[PDB]
Every structure is written in C-alpha cells, then in structure tokens.
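File shown here: protein_6.pdb, holding PDB, C-alpha atoms.
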ATOM      1  CA  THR J 202      81.793 122.491  83.586  1.00  0.00           C
ATOM      2  CA  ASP J 203      83.258 119.854  86.028  1.00  0.00           C
ATOM      3  CA  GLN J 204      82.302 122.292  88.917  1.00  0.00           C
ATOM      4  CA  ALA J 205      82.480 121.798  92.778  1.00  0.00           C
ATOM      5  CA  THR J 206      79.523 123.648  94.542  1.00  0.00           C
ATOM      6  CA  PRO J 207      79.117 123.969  98.483  1.00  0.00           C
ATOM      7  CA  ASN J 208      76.266 122.160 100.395  1.00  0.00           C
ATOM      8  CA  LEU J 209      75.779 124.149 103.679  1.00  0.00           C
ATOM      9  CA  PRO J 210      73.383 123.832 106.829  1.00  0.00           C
ATOM     10  CA  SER J 211      70.245 126.132 107.184  1.00  0.00           C
ATOM     11  CA  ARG J 212      67.573 125.996 110.025  1.00  0.00           C
ATOM     12  CA  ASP J 213      64.721 128.017 108.261  1.00  0.00           C
ATOM     13  CA  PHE J 214      64.586 128.121 104.391  1.00  0.00           C
ATOM     14  CA  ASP J 215      62.615 131.512 104.364  1.00  0.00           C
ATOM     15  CA  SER J 216      65.112 133.301 106.848  1.00  0.00           C
ATOM     16  CA  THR J 217      68.437 132.102 105.106  1.00  0.00           C
ATOM     17  CA  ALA J 218      66.863 132.821 101.574  1.00  0.00           C
ATOM     18  CA  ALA J 219      65.864 136.485 102.587  1.00  0.00           C
ATOM     19  CA  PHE J 220      69.556 136.949 103.783  1.00  0.00           C
ATOM     20  CA  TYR J 221      71.230 136.022 100.346  1.00  0.00           C
ATOM     21  CA  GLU J 222      68.355 137.096  97.831  1.00  0.00           C
ATOM     22  CA  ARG J 223      69.093 140.931  98.177  1.00  0.00           C
ATOM     23  CA  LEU J 224      72.821 140.259  97.175  1.00  0.00           C
ATOM     24  CA  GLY J 225      71.539 138.950  93.677  1.00  0.00           C
ATOM     25  CA  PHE J 226      71.029 135.181  94.589  1.00  0.00           C
ATOM     26  CA  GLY J 227      68.058 133.643  92.600  1.00  0.00           C
ATOM     27  CA  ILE J 228      65.951 130.872  94.327  1.00  0.00           C
ATOM     28  CA  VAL J 229      66.156 128.181  91.480  1.00  0.00           C
ATOM     29  CA  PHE J 230      65.152 125.020  93.580  1.00  0.00           C
ATOM     30  CA  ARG J 231      63.294 124.702  96.983  1.00  0.00           C
ATOM     31  CA  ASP J 232      61.418 121.753  98.658  1.00  0.00           C
ATOM     32  CA  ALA J 233      61.521 120.979 102.475  1.00  0.00           C
ATOM     33  CA  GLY J 234      65.055 119.235 102.318  1.00  0.00           C
ATOM     34  CA  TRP J 235      67.094 121.169  99.588  1.00  0.00           C
ATOM     35  CA  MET J 236      67.402 124.983  98.672  1.00  0.00           C
ATOM     36  CA  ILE J 237      69.630 126.312  95.730  1.00  0.00           C
ATOM     37  CA  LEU J 238      70.500 130.114  96.021  1.00  0.00           C
ATOM     38  CA  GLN J 239      72.513 131.289  92.859  1.00  0.00           C
ATOM     39  CA  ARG J 240      74.248 134.648  91.757  1.00  0.00           C
ATOM     40  CA  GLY J 241      75.453 133.496  88.222  1.00  0.00           C
ATOM     41  CA  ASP J 242      77.321 130.352  89.423  1.00  0.00           C
ATOM     42  CA  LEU J 243      77.470 131.376  93.252  1.00  0.00           C
ATOM     43  CA  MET J 244      75.466 128.104  93.843  1.00  0.00           C
ATOM     44  CA  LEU J 245      74.760 127.733  97.650  1.00  0.00           C
ATOM     45  CA  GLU J 246      72.884 124.348  97.897  1.00  0.00           C
ATOM     46  CA  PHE J 247      71.485 124.448 101.502  1.00  0.00           C
ATOM     47  CA  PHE J 248      70.356 121.280 103.457  1.00  0.00           C
ATOM     48  CA  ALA J 249      67.665 121.480 106.270  1.00  0.00           C
ATOM     49  CA  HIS J 250      69.585 121.339 109.668  1.00  0.00           C
ATOM     50  CA  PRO J 251      67.219 122.491 112.649  1.00  0.00           C
ATOM     51  CA  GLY J 252      69.749 121.686 115.538  1.00  0.00           C
ATOM     52  CA  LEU J 253      72.673 124.008 114.470  1.00  0.00           C
ATOM     53  CA  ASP J 254      74.581 126.552 116.689  1.00  0.00           C
ATOM     54  CA  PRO J 255      76.059 129.768 114.924  1.00  0.00           C
ATOM     55  CA  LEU J 256      78.875 130.131 117.640  1.00  0.00           C
ATOM     56  CA  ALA J 257      80.501 126.571 117.281  1.00  0.00           C
ATOM     57  CA  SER J 258      80.335 126.723 113.359  1.00  0.00           C
ATOM     58  CA  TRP J 259      83.307 125.399 111.217  1.00  0.00           C
ATOM     59  CA  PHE J 260      80.997 125.519 108.026  1.00  0.00           C
ATOM     60  CA  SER J 261      82.386 127.647 105.110  1.00  0.00           C
ATOM     61  CA  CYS J 262      82.767 128.216 101.287  1.00  0.00           C
ATOM     62  CA  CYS J 263      84.919 130.526  99.026  1.00  0.00           C
ATOM     63  CA  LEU J 264      82.750 132.914  96.874  1.00  0.00           C
ATOM     64  CA  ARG J 265      85.337 133.585  94.036  1.00  0.00           C
ATOM     65  CA  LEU J 266      84.215 136.964  92.535  1.00  0.00           C
ATOM     66  CA  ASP J 267      85.137 138.738  89.177  1.00  0.00           C
ATOM     67  CA  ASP J 268      84.934 142.231  91.151  1.00  0.00           C
ATOM     68  CA  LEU J 269      85.406 141.599  94.983  1.00  0.00           C
ATOM     69  CA  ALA J 270      84.408 145.278  95.796  1.00  0.00           C
ATOM     70  CA  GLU J 271      80.960 144.953  93.875  1.00  0.00           C
ATOM     71  CA  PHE J 272      79.736 142.274  96.420  1.00  0.00           C
ATOM     72  CA  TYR J 273      80.989 144.712  99.251  1.00  0.00           C
ATOM     73  CA  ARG J 274      79.112 147.749  97.589  1.00  0.00           C
ATOM     74  CA  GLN J 275      75.922 145.493  97.539  1.00  0.00           C
ATOM     75  CA  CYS J 276      76.231 144.218 101.263  1.00  0.00           C
ATOM     76  CA  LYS J 277      76.530 147.826 102.795  1.00  0.00           C
ATOM     77  CA  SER J 278      73.569 149.161 100.589  1.00  0.00           C
ATOM     78  CA  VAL J 279      71.019 146.218 101.239  1.00  0.00           C
ATOM     79  CA  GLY J 280      71.706 145.716 105.079  1.00  0.00           C
ATOM     80  CA  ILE J 281      74.544 143.493 106.508  1.00  0.00           C
ATOM     81  CA  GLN J 282      76.449 145.094 109.520  1.00  0.00           C
ATOM     82  CA  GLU J 283      80.275 145.876 109.560  1.00  0.00           C
ATOM     83  CA  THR J 284      81.342 144.638 113.106  1.00  0.00           C
ATOM     84  CA  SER J 285      84.111 142.744 115.109  1.00  0.00           C
ATOM     85  CA  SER J 286      81.750 140.631 117.398  1.00  0.00           C
ATOM     86  CA  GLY J 287      78.202 139.352 116.405  1.00  0.00           C
ATOM     87  CA  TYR J 288      76.244 137.581 113.584  1.00  0.00           C
ATOM     88  CA  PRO J 289      75.198 138.322 110.779  1.00  0.00           C
ATOM     89  CA  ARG J 290      78.309 140.451 109.772  1.00  0.00           C
ATOM     90  CA  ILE J 291      80.921 141.567 107.091  1.00  0.00           C
ATOM     91  CA  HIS J 292      84.791 142.004 107.356  1.00  0.00           C
ATOM     92  CA  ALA J 293      86.691 144.093 104.709  1.00  0.00           C
ATOM     93  CA  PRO J 294      88.744 143.449 101.346  1.00  0.00           C
ATOM     94  CA  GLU J 295      92.100 142.723 103.166  1.00  0.00           C
ATOM     95  CA  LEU J 296      95.643 141.526 101.986  1.00  0.00           C
ATOM     96  CA  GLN J 297      96.400 137.749 102.470  1.00  0.00           C
ATOM     97  CA  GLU J 298      99.070 134.914 102.740  1.00  0.00           C
ATOM     98  CA  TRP J 299      98.457 133.302  99.257  1.00  0.00           C
ATOM     99  CA  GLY J 300      98.538 135.889  96.324  1.00  0.00           C
ATOM    100  CA  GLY J 301      95.944 138.780  96.403  1.00  0.00           C
ATOM    101  CA  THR J 302      92.975 139.786  98.670  1.00  0.00           C
ATOM    102  CA  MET J 303      89.922 138.277 100.573  1.00  0.00           C
ATOM    103  CA  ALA J 304      86.873 139.716 102.493  1.00  0.00           C
ATOM    104  CA  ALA J 305      84.693 137.609 104.975  1.00  0.00           C
ATOM    105  CA  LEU J 306      80.845 137.240 105.242  1.00  0.00           C
ATOM    106  CA  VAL J 307      79.515 135.493 108.475  1.00  0.00           C
ATOM    107  CA  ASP J 308      75.726 134.683 108.009  1.00  0.00           C
ATOM    108  CA  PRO J 309      72.819 133.998 110.657  1.00  0.00           C
ATOM    109  CA  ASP J 310      73.977 130.250 110.887  1.00  0.00           C
ATOM    110  CA  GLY J 311      77.699 131.278 111.683  1.00  0.00           C
ATOM    111  CA  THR J 312      78.871 130.395 108.124  1.00  0.00           C
ATOM    112  CA  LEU J 313      82.374 131.804 107.163  1.00  0.00           C
ATOM    113  CA  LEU J 314      81.935 132.638 103.391  1.00  0.00           C
ATOM    114  CA  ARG J 315      85.457 133.746 102.212  1.00  0.00           C
ATOM    115  CA  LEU J 316      85.019 136.411  99.428  1.00  0.00           C
ATOM    116  CA  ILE J 317      88.167 135.891  97.136  1.00  0.00           C
ATOM    117  CA  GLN J 318      89.213 138.244  94.228  1.00  0.00           C
ATOM    118  CA  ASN J 319      89.886 136.207  90.969  1.00  0.00           C
ATOM    119  CA  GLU J 320      93.384 136.738  89.416  1.00  0.00           C
ATOM    120  CA  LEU J 321      92.819 138.736  86.082  1.00  0.00           C
ATOM    121  CA  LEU J 322      96.638 139.369  85.418  1.00  0.00           C
ATOM    122  CA  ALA J 323      97.180 135.481  85.250  1.00  0.00           C
ATOM    123  CA  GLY J 324      93.590 134.178  84.286  1.00  0.00           C
ATOM    124  CA  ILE J 325      92.929 136.679  81.358  1.00  0.00           C
ATOM    125  CA  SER J 326      96.571 137.859  80.450  1.00  0.00           C
TER
ATOM    126  CA  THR O   2      82.472 132.318  86.483  1.00  0.00           C
ATOM    127  CA  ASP O   3      80.675 133.514  89.709  1.00  0.00           C
ATOM    128  CA  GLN O   4      81.293 129.939  91.138  1.00  0.00           C
ATOM    129  CA  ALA O   5      80.621 128.512  94.702  1.00  0.00           C
ATOM    130  CA  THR O   6      83.357 125.897  95.676  1.00  0.00           C
ATOM    131  CA  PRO O   7      83.266 123.690  98.981  1.00  0.00           C
ATOM    132  CA  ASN O   8      85.828 124.205 101.849  1.00  0.00           C
ATOM    133  CA  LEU O   9      85.924 120.855 103.784  1.00  0.00           C
ATOM    134  CA  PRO O  10      87.900 119.490 106.946  1.00  0.00           C
ATOM    135  CA  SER O  11      90.998 117.152 106.504  1.00  0.00           C
ATOM    136  CA  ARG O  12      93.288 115.765 109.344  1.00  0.00           C
ATOM    137  CA  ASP O  13      96.367 114.712 107.167  1.00  0.00           C
ATOM    138  CA  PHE O  14      96.992 116.486 103.780  1.00  0.00           C
ATOM    139  CA  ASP O  15      98.996 113.438 102.340  1.00  0.00           C
ATOM    140  CA  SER O  16      96.230 110.796 103.329  1.00  0.00           C
ATOM    141  CA  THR O  17      93.136 112.852 102.015  1.00  0.00           C
ATOM    142  CA  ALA O  18      95.153 113.853  98.790  1.00  0.00           C
ATOM    143  CA  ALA O  19      96.067 110.112  98.004  1.00  0.00           C
ATOM    144  CA  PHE O  20      92.259 109.312  98.382  1.00  0.00           C
ATOM    145  CA  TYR O  21      91.020 111.866  95.659  1.00  0.00           C
ATOM    146  CA  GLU O  22      94.204 112.002  93.295  1.00  0.00           C
ATOM    147  CA  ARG O  23      93.482 108.520  91.646  1.00  0.00           C
ATOM    148  CA  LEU O  24      89.901 109.775  90.668  1.00  0.00           C
ATOM    149  CA  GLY O  25      91.597 112.549  88.425  1.00  0.00           C
ATOM    150  CA  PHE O  26      91.935 115.376  91.107  1.00  0.00           C
ATOM    151  CA  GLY O  27      95.112 117.535  90.479  1.00  0.00           C
ATOM    152  CA  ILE O  28      96.946 119.016  93.568  1.00  0.00           C
ATOM    153  CA  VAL O  29      97.065 122.755  92.385  1.00  0.00           C
ATOM    154  CA  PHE O  30      97.752 124.452  95.858  1.00  0.00           C
ATOM    155  CA  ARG O  31      99.161 122.993  99.177  1.00  0.00           C
ATOM    156  CA  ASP O  32     100.770 124.667 102.280  1.00  0.00           C
ATOM    157  CA  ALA O  33     100.175 123.501 105.950  1.00  0.00           C
ATOM    158  CA  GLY O  34      96.665 125.277 106.248  1.00  0.00           C
ATOM    159  CA  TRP O  35      95.013 125.007 102.706  1.00  0.00           C
ATOM    160  CA  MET O  36      94.878 122.133 100.022  1.00  0.00           C
ATOM    161  CA  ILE O  37      93.056 122.504  96.568  1.00  0.00           C
ATOM    162  CA  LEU O  38      92.209 119.084  94.871  1.00  0.00           C
ATOM    163  CA  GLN O  39      90.628 119.687  91.324  1.00  0.00           C
ATOM    164  CA  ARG O  40      89.092 117.370  88.535  1.00  0.00           C
ATOM    165  CA  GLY O  41      88.328 120.146  85.892  1.00  0.00           C
ATOM    166  CA  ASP O  42      86.281 122.405  88.242  1.00  0.00           C
ATOM    167  CA  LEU O  43      85.663 119.666  91.043  1.00  0.00           C
ATOM    168  CA  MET O  44      87.531 122.140  93.380  1.00  0.00           C
ATOM    169  CA  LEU O  45      87.746 120.589  96.940  1.00  0.00           C
ATOM    170  CA  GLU O  46      89.528 123.334  99.019  1.00  0.00           C
ATOM    171  CA  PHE O  47      90.462 121.434 102.256  1.00  0.00           C
ATOM    172  CA  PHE O  48      91.291 123.201 105.621  1.00  0.00           C
ATOM    173  CA  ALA O  49      93.607 121.533 108.274  1.00  0.00           C
ATOM    174  CA  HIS O  50      91.273 120.107 111.062  1.00  0.00           C
ATOM    175  CA  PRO O  51      93.260 117.541 113.360  1.00  0.00           C
ATOM    176  CA  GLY O  52      90.374 116.973 115.958  1.00  0.00           C
ATOM    177  CA  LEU O  53      87.641 115.605 113.563  1.00  0.00           C
ATOM    178  CA  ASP O  54      85.503 112.403 114.024  1.00  0.00           C
ATOM    179  CA  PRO O  55      84.304 110.519 110.760  1.00  0.00           C
ATOM    180  CA  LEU O  56      81.173 109.029 112.606  1.00  0.00           C
ATOM    181  CA  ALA O  57      79.556 112.393 113.836  1.00  0.00           C
ATOM    182  CA  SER O  58      80.219 114.148 110.384  1.00  0.00           C
ATOM    183  CA  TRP O  59      77.522 116.488 108.825  1.00  0.00           C
ATOM    184  CA  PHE O  60      80.219 117.812 106.273  1.00  0.00           C
ATOM    185  CA  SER O  61      79.237 117.432 102.550  1.00  0.00           C
ATOM    186  CA  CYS O  62      79.351 118.802  98.919  1.00  0.00           C
ATOM    187  CA  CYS O  63      77.534 117.984  95.586  1.00  0.00           C
ATOM    188  CA  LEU O  64      79.989 116.831  92.815  1.00  0.00           C
ATOM    189  CA  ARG O  65      77.791 117.746  89.729  1.00  0.00           C
ATOM    190  CA  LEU O  66      79.140 115.464  86.918  1.00  0.00           C
ATOM    191  CA  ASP O  67      78.674 115.583  83.039  1.00  0.00           C
ATOM    192  CA  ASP O  68      78.675 111.564  83.075  1.00  0.00           C
ATOM    193  CA  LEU O  69      77.714 110.287  86.646  1.00  0.00           C
ATOM    194  CA  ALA O  70      78.652 106.629  85.678  1.00  0.00           C
ATOM    195  CA  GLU O  71      82.310 107.672  84.577  1.00  0.00           C
ATOM    196  CA  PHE O  72      83.165 108.722  88.226  1.00  0.00           C
ATOM    197  CA  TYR O  73      81.599 105.285  89.346  1.00  0.00           C
ATOM    198  CA  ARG O  74      83.712 103.342  86.650  1.00  0.00           C
ATOM    199  CA  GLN O  75      86.852 105.179  88.078  1.00  0.00           C
ATOM    200  CA  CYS O  76      86.057 104.507  91.885  1.00  0.00           C
ATOM    201  CA  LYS O  77      85.617 100.629  91.424  1.00  0.00           C
ATOM    202  CA  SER O  78      88.851 100.382  89.211  1.00  0.00           C
ATOM    203  CA  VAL O  79      91.258 102.513  91.503  1.00  0.00           C
ATOM    204  CA  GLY O  80      90.084 101.129  94.993  1.00  0.00           C
ATOM    205  CA  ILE O  81      87.059 102.521  96.978  1.00  0.00           C
ATOM    206  CA  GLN O  82      84.811  99.759  98.585  1.00  0.00           C
ATOM    207  CA  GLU O  83      81.021  99.245  97.793  1.00  0.00           C
ATOM    208  CA  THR O  84      79.497  98.665 101.342  1.00  0.00           C
ATOM    209  CA  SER O  85      76.473  99.489 103.671  1.00  0.00           C
ATOM    210  CA  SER O  86      78.497 100.111 106.958  1.00  0.00           C
ATOM    211  CA  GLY O  87      82.123 101.533 107.134  1.00  0.00           C
ATOM    212  CA  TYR O  88      84.398 104.349 105.782  1.00  0.00           C
ATOM    213  CA  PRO O  89      85.798 105.005 103.115  1.00  0.00           C
ATOM    214  CA  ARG O  90      82.870 103.786 100.843  1.00  0.00           C
ATOM    215  CA  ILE O  91      80.633 104.236  97.674  1.00  0.00           C
ATOM    216  CA  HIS O  92      76.766 103.918  97.238  1.00  0.00           C
ATOM    217  CA  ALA O  93      75.245 103.467  93.708  1.00  0.00           C
ATOM    218  CA  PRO O  94      73.624 105.758  90.867  1.00  0.00           C
ATOM    219  CA  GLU O  95      70.055 105.678  92.404  1.00  0.00           C
ATOM    220  CA  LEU O  96      66.674 107.469  91.549  1.00  0.00           C
ATOM    221  CA  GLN O  97      65.811 110.574  93.715  1.00  0.00           C
ATOM    222  CA  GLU O  98      63.089 113.052  95.015  1.00  0.00           C
ATOM    223  CA  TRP O  99      64.114 116.115  92.854  1.00  0.00           C
ATOM    224  CA  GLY O 100      64.440 115.277  89.047  1.00  0.00           C
ATOM    225  CA  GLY O 101      67.042 112.585  88.013  1.00  0.00           C
ATOM    226  CA  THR O 102      69.716 110.462  89.834  1.00  0.00           C
ATOM    227  CA  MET O 103      72.483 110.710  92.575  1.00  0.00           C
ATOM    228  CA  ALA O 104      75.284 108.373  93.894  1.00  0.00           C
ATOM    229  CA  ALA O 105      77.104 108.906  97.323  1.00  0.00           C
ATOM    230  CA  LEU O 106      80.882 108.908  98.183  1.00  0.00           C
ATOM    231  CA  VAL O 107      81.769 108.806 101.987  1.00  0.00           C
ATOM    232  CA  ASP O 108      85.575 109.553 102.422  1.00  0.00           C
ATOM    233  CA  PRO O 109      88.115 108.726 105.388  1.00  0.00           C
ATOM    234  CA  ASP O 110      86.885 111.948 107.272  1.00  0.00           C
ATOM    235  CA  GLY O 111      83.107 110.848 107.028  1.00  0.00           C
ATOM    236  CA  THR O 112      82.382 113.399 104.236  1.00  0.00           C
ATOM    237  CA  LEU O 113      79.049 112.806 102.311  1.00  0.00           C
ATOM    238  CA  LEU O 114      79.970 113.879  98.689  1.00  0.00           C
ATOM    239  CA  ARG O 115      76.642 113.656  96.718  1.00  0.00           C
ATOM    240  CA  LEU O 116      77.465 112.652  93.063  1.00  0.00           C
ATOM    241  CA  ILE O 117      74.625 114.370  90.962  1.00  0.00           C
ATOM    242  CA  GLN O 118      73.986 113.772  87.178  1.00  0.00           C
ATOM    243  CA  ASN O 119      73.703 117.163  85.266  1.00  0.00           C
ATOM    244  CA  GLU O 120      70.435 117.622  83.253  1.00  0.00           C
ATOM    245  CA  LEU O 121      71.445 117.461  79.462  1.00  0.00           C
ATOM    246  CA  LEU O 122      67.749 117.418  78.131  1.00  0.00           C
ATOM    247  CA  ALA O 123      67.179 120.922  79.812  1.00  0.00           C
ATOM    248  CA  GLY O 124      70.843 122.350  80.030  1.00  0.00           C
ATOM    249  CA  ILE O 125      71.904 121.548  76.357  1.00  0.00           C
ATOM    250  CA  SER O 126      68.423 121.137  74.570  1.00  0.00           C
TER
END

Once more with this new file: its structure as structure tokens, please.
Amino acid sequence: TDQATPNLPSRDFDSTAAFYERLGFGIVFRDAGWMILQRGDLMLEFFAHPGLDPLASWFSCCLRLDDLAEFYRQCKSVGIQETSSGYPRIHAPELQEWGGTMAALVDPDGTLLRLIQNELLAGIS
Amino acid sequence: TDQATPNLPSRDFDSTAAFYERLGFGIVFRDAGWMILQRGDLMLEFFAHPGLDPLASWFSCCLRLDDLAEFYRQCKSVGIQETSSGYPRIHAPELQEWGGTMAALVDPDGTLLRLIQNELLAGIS
C-alpha cells in the first residue's frame, strides 16, 4: 500500500519497546539509530533522541483501530494508568468534533497517540 | 488495516497543501485545526502550529514507496529544488545502513520526510 507511517523520538530503545510490546507490538527492526514496533500495521518507527523532555512534547500519531475498545481492554490489563496529570497515562473512548470517537495514550516521552475508531458504516457498507 | 499515520506541524493550511498537492496528495479533510493530505495511503494529518521554526525542526515521517524513483521523477517535474543548504529541498535515492535505499524531502516547515524503497524481493517473493 502507499502508506504513511509515523517516525517518533525515543531516549532508550529497551524502555520505550517494553512500554508498547505488551499491547501486541512486535519488534521487527532494531539497531542503535532506528526501532520499528508493529501491531499488524501500527508501525511506530522510533529514532534515537537522548535530549527530549516529556512535558514540552508536541510529538504525536493517530493509531486508527478496527475495535477502539480492544486496545483500551489491553492497556488496563497489562499496566498503563488512567489519570488526569502525569506520564505514562490513558484517557477514555470519548465523542469528538469530526465524525465518531477517539481515546488518548500519552507515553514515557510525552507522545500524544490519538486512538481513532475506523468508520465501518461508510468503509465496509 | 491496523495502520500508524504521521501527525505533523503546519503554519498555513493553504501554503503546506499547495506544496504536497502537485506530488499526487488529495485534500480529503480540512477545517481550521486538522488537514489530511493523501497519495493512496501517504496520509499526512497536519495540525495547526503558527509558532514553528524550519531551522530547529526534529519533525519527520517515512514515506514508504512501491517505486522510490517515481516520487523523485514527480518532484523535479512539478518544482522542488535539488540543493545542499536551504528549504524547501530534495536529496537523492542513496544507499543506507539498514537494507536498501532512501531519498530525503525537507518541506517549508523543515520537515525531514524520509523516502524509503519497499523490499519487493522479500515482501512479494
């Protein structure tokens, strides 16, 4: 497929891998500079950034899911905390200004991963 | 598909759209906050960032292409300059420390879009 995949900053490649692995993300490439973490085609292609702050972080990607609630079942079973302040954290499957619904993962590097539901009434029927 | 797509910063949504449009990127969503530019599944989902510098820019995504040289045919015909210093610019289909070959687009917002060739000897055969 002509497919756009996100290339995000990570300080340690063992610490950021052990965050996403338990959610079903397979480690398909790793050197010292590049690290590909993949749940099907959830392809997070991390670059080695040692001087990054989590608090001043604009960095983000939309994980577009075929069930949005299955990723939220998996996060509360494997260990990611449901909280207003702090990092790492999860916010809930909420109703949005576009069409349907979106949850929000914030990782150890501050990274706002927007969990979108895909539109099965238009995209299948 | 379980598919990871990049969410990048843009200052004007007419100026950054008229950059990618001529390379085959269809404008499928635009409000004031979000802008989706898409060549097949090259889904660049831009957020409105007015205080961004192009020179201090870590922001980046891998465009994984089925011909890498077809995107480089299209850039030199429609108008993107081949140069060492400056922005916007293109660098060439060069040999890399991972497997095959990668070119590099740098846009008006400093954004390092890494143009990867997909691996048809392993992924088809």

Chain J least-squares fitted onto chain O over all paired Cα atoms, as a compact mmCIF listing (two decimals) with C-alpha atoms, in the frame of the given file:
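Output (part.txt):
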# COMPACT_ATOMS: atom_id res chain seq x y z
CA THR J 202 82.47 132.32 86.48
CA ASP J 203 80.68 133.51 89.71
CA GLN J 204 81.29 129.94 91.14
CA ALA J 205 80.62 128.51 94.70
CA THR J 206 83.36 125.90 95.68
CA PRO J 207 83.27 123.69 98.98
CA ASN J 208 85.83 124.20 101.85
CA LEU J 209 85.92 120.85 103.78
CA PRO J 210 87.90 119.49 106.95
CA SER J 211 91.00 117.15 106.50
CA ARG J 212 93.29 115.77 109.34
CA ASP J 213 96.37 114.71 107.17
CA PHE J 214 96.99 116.49 103.78
CA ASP J 215 99.00 113.44 102.34
CA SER J 216 96.23 110.80 103.33
CA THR J 217 93.14 112.85 102.01
CA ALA J 218 95.15 113.85 98.79
CA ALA J 219 96.07 110.11 98.00
CA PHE J 220 92.26 109.31 98.38
CA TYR J 221 91.02 111.87 95.66
CA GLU J 222 94.20 112.00 93.30
CA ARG J 223 93.48 108.52 91.65
CA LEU J 224 89.90 109.78 90.67
CA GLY J 225 91.60 112.55 88.42
CA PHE J 226 91.94 115.38 91.11
CA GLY J 227 95.11 117.53 90.48
CA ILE J 228 96.95 119.02 93.57
CA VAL J 229 97.06 122.76 92.39
CA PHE J 230 97.75 124.45 95.86
CA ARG J 231 99.16 122.99 99.18
CA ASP J 232 100.77 124.67 102.28
CA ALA J 233 100.17 123.50 105.95
CA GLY J 234 96.67 125.28 106.25
CA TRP J 235 95.01 125.01 102.71
CA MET J 236 94.88 122.13 100.02
CA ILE J 237 93.06 122.50 96.57
CA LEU J 238 92.21 119.08 94.87
CA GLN J 239 90.63 119.69 91.33
CA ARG J 240 89.09 117.37 88.54
CA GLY J 241 88.33 120.15 85.89
CA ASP J 242 86.28 122.40 88.24
CA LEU J 243 85.66 119.67 91.04
CA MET J 244 87.53 122.14 93.38
CA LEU J 245 87.75 120.59 96.94
CA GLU J 246 89.53 123.33 99.02
CA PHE J 247 90.46 121.43 102.26
CA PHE J 248 91.29 123.20 105.62
CA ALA J 249 93.61 121.53 108.27
CA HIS J 250 91.27 120.11 111.06
CA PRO J 251 93.26 117.54 113.36
CA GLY J 252 90.37 116.97 115.96
CA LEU J 253 87.64 115.60 113.56
CA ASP J 254 85.50 112.40 114.02
CA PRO J 255 84.30 110.52 110.76
CA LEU J 256 81.17 109.03 112.61
CA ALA J 257 79.56 112.39 113.84
CA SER J 258 80.22 114.15 110.38
CA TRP J 259 77.52 116.49 108.82
CA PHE J 260 80.22 117.81 106.27
CA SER J 261 79.24 117.43 102.55
CA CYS J 262 79.35 118.80 98.92
CA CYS J 263 77.53 117.98 95.59
CA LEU J 264 79.99 116.83 92.82
CA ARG J 265 77.79 117.74 89.73
CA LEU J 266 79.14 115.46 86.92
CA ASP J 267 78.67 115.58 83.04
CA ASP J 268 78.67 111.56 83.08
CA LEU J 269 77.71 110.29 86.65
CA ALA J 270 78.65 106.63 85.68
CA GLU J 271 82.31 107.67 84.58
CA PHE J 272 83.17 108.72 88.23
CA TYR J 273 81.60 105.28 89.35
CA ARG J 274 83.71 103.34 86.65
CA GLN J 275 86.85 105.18 88.08
CA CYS J 276 86.06 104.51 91.89
CA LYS J 277 85.62 100.63 91.42
CA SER J 278 88.85 100.38 89.21
CA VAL J 279 91.26 102.51 91.50
CA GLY J 280 90.08 101.13 94.99
CA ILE J 281 87.06 102.52 96.98
CA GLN J 282 84.81 99.76 98.59
CA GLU J 283 81.02 99.25 97.79
CA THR J 284 79.50 98.67 101.34
CA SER J 285 76.47 99.49 103.67
CA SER J 286 78.50 100.11 106.96
CA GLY J 287 82.12 101.53 107.13
CA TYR J 288 84.40 104.35 105.78
CA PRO J 289 85.80 105.01 103.11
CA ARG J 290 82.87 103.79 100.84
CA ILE J 291 80.63 104.24 97.67
CA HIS J 292 76.77 103.92 97.24
CA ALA J 293 75.25 103.47 93.71
CA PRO J 294 73.62 105.76 90.87
CA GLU J 295 70.06 105.68 92.40
CA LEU J 296 66.67 107.47 91.55
CA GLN J 297 65.81 110.57 93.72
CA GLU J 298 63.09 113.05 95.01
CA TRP J 299 64.11 116.12 92.85
CA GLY J 300 64.44 115.28 89.05
CA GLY J 301 67.04 112.58 88.01
CA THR J 302 69.72 110.46 89.83
CA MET J 303 72.48 110.71 92.57
CA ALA J 304 75.28 108.37 93.89
CA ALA J 305 77.10 108.91 97.32
CA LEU J 306 80.88 108.91 98.18
CA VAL J 307 81.77 108.81 101.99
CA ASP J 308 85.58 109.55 102.42
CA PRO J 309 88.11 108.73 105.39
CA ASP J 310 86.89 111.95 107.27
CA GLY J 311 83.11 110.85 107.03
CA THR J 312 82.38 113.40 104.24
CA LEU J 313 79.05 112.81 102.31
CA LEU J 314 79.97 113.88 98.69
CA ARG J 315 76.64 113.66 96.72
CA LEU J 316 77.46 112.65 93.06
CA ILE J 317 74.62 114.37 90.96
CA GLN J 318 73.99 113.77 87.18
CA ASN J 319 73.70 117.16 85.27
CA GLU J 320 70.44 117.62 83.25
CA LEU J 321 71.44 117.46 79.46
CA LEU J 322 67.75 117.42 78.13
CA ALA J 323 67.18 120.92 79.81
CA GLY J 324 70.84 122.35 80.03
CA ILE J 325 71.90 121.55 76.36
CA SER J 326 68.42 121.14 74.57

| field | Output check: residues returned by the PyMOL selection byres ((chain J and resi 219) around 12), as a list in words | value |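 Going through the file, the PyMOL selection byres ((chain J and resi 219) around 12) ends up selecting residues 213, 214, 215, 216, 217, 218, 220, 221, 222, 223, 224, 225, 226, 227, 228, 238, 279, 280, 281, 308 and 309 of chain J.
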
| For chain J, which residues have at least one atom within 12 Å of chain O, if we go by all atoms listed in the file? Write them as a PyMOL selection string, please. | chain J and resi 202-210+225-226+230-250+252-253+258-269+272+298-300+312-319+324

| task | Record the distance separating CA of residue 293 (chain J) and CA of residue 307 (chain J), expressed in Å with one decimal. | result | 11.8 Å

| remark: Restricting to all atoms listed in the file, whichever of J:323, J:277, J:302, J:288 is closest to residue 256 (chain J) is J:288
